[PDB]
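What follows is one chain in structure tokens, specifically the form deposited in one PDB entry.
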């Protein structure tokens, strides 16, 4: 018997989601890369959670640390389209340019890449999936990513970093989506 964190999946969680992990949240590692997987349980229906997560043009809605995110005018939210996001002042990243890779309203799957900008997460690729859970009906959100490990940094350092941003983001996501409830 061991000890995991709360971002790591529980057993019941993993047995239901394993296939999803197999398909969407698994990356080719090795050679200065690193990846990670985070879960968040949310006492709200998947449909609500998905509608927020999918808003590629308005990540501010739940991601932290965004001063602004501009898309273009002839911007239609569809695969290949992009967003220029500006981070608040005082952080170790100023701007990010991200491309939408993946948008499936049927399977509630989405993902973007960073291509890139003023920061040190080179070639970051993320995927986020939402799932239904029953026993009283809740949601589980999985977010994973892979990204390059910068010159004089450890892979553990890089994972810690990305993990934190994602972890807080999902907490915000949880928070607003549970917010109205019923």
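Each form is matched to the other, and the largest set of C-alpha atoms that superpose within 1.5 Å is called the rigid core. Numbering follows the first chain given and starts at 1.
What follows is about the form deposited in another entry, which we do not show.
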Threshold 2 Å Cα movement between the shown form and the other one for residue 103, core superposed: no
Exceeds or equals 2 Å, Cα of residue 92 between the shown form and the other one, core fit: yes
Note on residue 144-residue 92 C-alpha separation in the other form, which departs from the shown form by 3 angstroms or more: farther
Shift in CA distance, residue 174 and residue 92, in the other form relative to the form shown here, given it is 3 Å or more: farther
